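Okay, here's what each chain looks like letter by letter:
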Amino acid sequence: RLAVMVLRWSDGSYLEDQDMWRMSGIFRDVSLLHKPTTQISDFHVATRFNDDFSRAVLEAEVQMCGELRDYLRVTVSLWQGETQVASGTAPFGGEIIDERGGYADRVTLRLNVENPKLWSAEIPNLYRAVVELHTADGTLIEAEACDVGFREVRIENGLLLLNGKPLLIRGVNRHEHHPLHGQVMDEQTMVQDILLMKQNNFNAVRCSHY
Amino acid sequence: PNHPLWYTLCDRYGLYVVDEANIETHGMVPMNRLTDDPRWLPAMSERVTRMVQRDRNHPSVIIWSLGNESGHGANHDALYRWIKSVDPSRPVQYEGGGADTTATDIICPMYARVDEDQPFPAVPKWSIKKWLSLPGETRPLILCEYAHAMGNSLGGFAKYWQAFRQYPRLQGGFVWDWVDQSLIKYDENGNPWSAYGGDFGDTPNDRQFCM
Ligand SMILES: *[C@@H]1C[C@@H](O)[C@@H](O)[C@@H](CO)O1
Ligand SMILES: [Mg+2]
Ligand code: NA
Ligand code: NA
């Protein structure tokens, strides 16, 4: 038996003064997650490019919790549909960062990707990155994953560029609002909103204000 | 460069002066054929350097100009730098080759409009408001010529002044121009009349465009 005492007002309320209905409760998903004792505790994915975006490096930093062991490995594999385009495997132990050494509980994989399919609102090309925590000899402990979009966002010479080109933001602010369910969001409503936005030539959304 | 007394009067009565080298090669094709030619750098340099040597003590002179309508050539960049080196007390401006070249401290277009772009190839005339905020641009904008006062003219003069007042980096301009270049001729009865291009048997000519 779970017991949850939810307070409508808290000191947190002073930072939640958005122009909107003031409601309360358990309004998003509740879930149970099982992780092994030796587990992926964090991972970051970065994508960097050469001048004309014909070459990319996917860099995945992975962190573990649990007892450190020499047999432990991470494999990061990159998939375009059913095709594996790239892969890298390494034991834990980051580079030296200061006088005390490095992160023994972290590893960074670098994967070369030739002619990557770039992500944008115009063509949302995605790859699948699978992060495998495993023994050297082939026992999977657990896997995590995410969709990966190869794109560069930078400001250069006063212009916000995406993949080297200046964006023109056709945007709208969108609250999480439903006339029947209040601030509880569902897949159908989200999808409905997205289809309507794109059908009406929006390419951008601001998560007003959370 | 003007008659030497002009600067004395501007000093004493109080007017800001743009002193301009006697270099205009408008009729060349392209406009910078001579100004990009190092063989013409000597003749050009003397028109700039001897101007500076003559007029550099006049307080009324606040800005040096490299000339007018001579495109942009390497000779402008050299002389731009010559002035900057000998006299750091005054900005140097020059409109040729697109009004915002490496040879000018001031974006100084002629007849760039307030709101309307004129996107000529190579040498566009941007809206003055737009020009200021082009990516990387930081300079002030003062039009070397604007509001062409030919005959029944100066329509939209107020639009410029509204913009000058609203935008800090829009710092005004020089109207074109002060006085009609008409000349006096006399009829058979000795009555004077105002004459323009072509009235002296001069041909080819450009008619009333001097007024
Ligand atoms: C900006 C902030 C947003 O939350 C709303 O208050 C809007 C006005 O309706 O202004
Ligand atoms: Mg508010
Ligand atoms: Na101004
Ligand atoms: Na004229």
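Criteria and cut-off values
- Residues numbered from 1 in each chain as written, not as in the entry; some residues may be left out.
- Chains lettered and ligands numbered in written order.
- Part of a larger assembly, values for the part shown.
- Heavy atoms only, no water.
- Pairing = 2+ DSSP bridges.
- Helix = DSSP H or I, 4+ residues; strand = E, 2+ residues; numbered from the N terminus.
- Buried < 20%, exposed > 50% of the residue type's maximum accessible area, 1.4 Å probe, protein only.
- Contact = heavy atoms within 4.5 Å.
- Expected span 1.5 Å × (residues − 1).
- Polar contact = N/O pair within 3.5 Å; in protein donor to acceptor, adjacent residues only side chain to side chain.
- Donors = N, O, S within 2.8 Å, 3.2 Å for Na, K, Ca; no water.
- Patch = residues over 30% accessible without salt bridge, like charges linked within 9 Å, V, L, I, M, F, W, Y side chains within 5 Å.
- Areas by Shrake-Rupley, 256 points an atom, 1.4 Å probe, with all protein chains shown as cover.
- Salt bridge = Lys/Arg side-chain N within 4 Å of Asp/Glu carboxyl O.
- Core = buried A, V, L, I, M, F, W, Y, C linked by side-chain atoms within 4.5 Å.
- Disulfide = S-S within 2.5 Å.
- UniProt positions renumbered as here; feature names shortened; annotations may be inferred.

**Student:** Describe the sheet that holds strand 10 (residues 153–156) of chain A, listing the residues and the values that go with them.
**Tutor:** All names here are of chain A. In spatial order, the strands read 10-11-12; together these three strands make up an open sheet with antiparallel pairing. Looking at which strands have only one partner, the edges of the open sheet turn out to be strand 10 and strand 12 (165–166). Sheet analysis places strand 10 next to strand 11 (residues 159–162), joined by four bridges and oriented antiparallel. The residue bridging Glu156 from the neighbouring strand is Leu159, located in strand 11.

**Student:** Tell me what's going on with the environment of B:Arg207, and back it up with residues and numbers.
**Tutor:** All names here are of chain B. One can find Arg207 in the segment after strand 7 (192–195). Judged by its relative accessible area of 52%, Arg207 is exposed. Excluding residues within four positions of it along the chain, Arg207 makes contact with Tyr196 and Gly197.

**Student:** Just give me the short version of helix 1 (residues 187–199) of chain A, but keep the residues and values in it.
**Tutor:** Residues and elements named next belong to chain A. In this model, helix 1 (13 residues) spans 18 Å end to end at C-alpha, consistent with the 18 Å of a helix rising 1.5 Å per residue. The N-capping residue of helix 1, defined by a side-chain oxygen 3.1 Å from the backbone nitrogen of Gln188, is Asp186. Phi for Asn201, located one or two positions after helix 1, is positive at around 65°.

**Student:** Quick rundown of the sheet that holds strand 3 (residues 92–93) of chain B? Include the residues and the values.
**Tutor:** Residue and element names in this part refer to chain B. The strand order across the open sheet formed by three strands is 1-2-3, and the pairing between neighbours is parallel. Edge positions in the sheet fall to strand 1 (17–20) and strand 3, since each has one partner strand and no second. The pairing of strand 2 (residues 61–65) with strand 3 spans two bridges and is parallel. When the bridges of strand 3 are listed, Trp64 appears paired with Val92.

**Student:** Help me get a handle on the coordination of the sodium ion (ligand 3), residues and values and all.
**Tutor:** Residues and elements named next belong to chain B. For the sodium ion (ligand 3), the full set of protein donor atoms is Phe164 (O), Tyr167 (O) and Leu170 (O), and the range of their distances to it is 2.4 Å. Read in sequence order, the donor residues coordinating the sodium ion (ligand 3) give the pattern F-x2-Y-x2-L. Neither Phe164 nor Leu170 differs from the other in exposure class; each is buried.

**Student:** Residue-level account of unusual backbone geometry, with values.
**Tutor:** Residue and element names in this part refer to chain B. A cis geometry characterises the amide bond from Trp176 onward to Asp177, with omega recorded as -5°. By the secondary structure assignment, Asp177 is in the loop between strand 5 (170–175) and strand 6 (183–186). The residue after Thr203, namely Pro204, is reached through a cis peptide bond having omega -5°. Relative to the helices and strands, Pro204 resides in the segment after strand 7. Positive phi, normally seen in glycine, also occurs at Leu154, with a value near 75°.

**Student:** Can you break down a nonpolar patch on the surface residue by residue, with the values?
**Tutor:** Residues A:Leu2, A:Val4, A:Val6, A:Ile26 and A:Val30 make up a contiguous nonpolar surface patch of about 540 Å² in total accessible area. With respect to the helices and strands, A:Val30 occurs in the segment before strand 1 (39–49).

**Student:** Got a sec to walk through the nonpolar core? Specific residues and values, please.
**Tutor:** All names here are of chain A. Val74, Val76, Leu78, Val148 and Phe150 are the most contacted members of the largest nonpolar core, which has 26 residues in total. Counting residues per element, the ones that place at least two in this core are strand 1, strand 2 (55–65), strand 3 (72–80), strand 4 (83–91), strand 7 (106–114), strand 8 (127–135) and strand 9 (140–148). When residues of this core are assigned to their parent elements, the largest contribution, five residues, is made by strand 2. Leave out the neighbours within four places in its chain, and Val76 touches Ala60, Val62, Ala86, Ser87, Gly88, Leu109, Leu111, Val130 and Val131.

**Student:** Lay out the state of the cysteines in plain terms, naming residues and giving numbers.
**Tutor:** Under the defined criterion, the tally for this structure stands at zero disulfides over all chains. Unpaired in this structure, A:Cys207 has its nearest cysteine sulfur neighbour in A:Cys146, at a distance of 18 Å. Of all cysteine sulfurs in the structure, the one in B:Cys108 sits closest to B:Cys144, which takes part in no disulfide; the separation is 5.3 Å. Judged by relative accessible area, B:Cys144 falls into the buried class, the value being 17%.

**Student:** Describe in detail the UniProt feature "active site" in chain B, supporting the description with residues and values.
**Tutor:** Residue and element names in this part refer to chain B. UniProt annotation of "active site" refers to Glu69 and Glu145 when read in the numbering used here. For the annotated residues, spread through 77 residues, the largest C-alpha to C-alpha distance comes to 11.6 Å, consistent with a single compact locus. If you trace the backbone, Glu69 turns up in the loop between strand 2 and helix 3 (74–86). If we skip the residues at most four places from it in the chain, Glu69 touches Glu24, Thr25, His26, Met31, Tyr94, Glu95 and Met110. Summarising the element assignment, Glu145 is placed in strand 4 (residues 141–146). With residues near it in sequence (within four places) discarded, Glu145 still touches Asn68, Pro109, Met110, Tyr111, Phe174 and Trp176.

**Student:** An account of the side chain of B:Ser127 is requested, with residue identities and associated values reported.
**Tutor:** Residue and element names in this part refer to chain B. Note that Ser127 resides in the loop between strand 3 and helix 4 (128–132). Within the local environment of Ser127, its side chain forms a polar contact with the backbone oxygen of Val114, the two atoms lying 2.6 Å apart. Beyond its immediate chain neighbours, meaning those up to four positions away, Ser127 contacts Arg113, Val114, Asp115, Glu116 and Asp117.

**Student:** Which residues make up the pattern of salt bridges, and what values go with them?
**Tutor:** Enumeration according to the criterion identifies 19 salt bridges over all chains in this entry. Put simply, A:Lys35, A:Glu142 and A:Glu144 are held in one network by salt bridges that share partners.

**Student:** Go over the pairing of strand 7 of chain B with me, naming the residues and quoting the values.
**Tutor:** All names here are of chain B. In this sheet, strand 7 lies alongside strand 6 in antiparallel orientation, the contact comprising four bridges. Each bridged residue has a counterpart across the sheet, and for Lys185 the counterpart in strand 7 is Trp193. Hairpin geometry of strand 6 and strand 7 is characterised by an intervening segment of five residues between the two adjacent antiparallel strands and by a positive phi of about 80° at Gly190.

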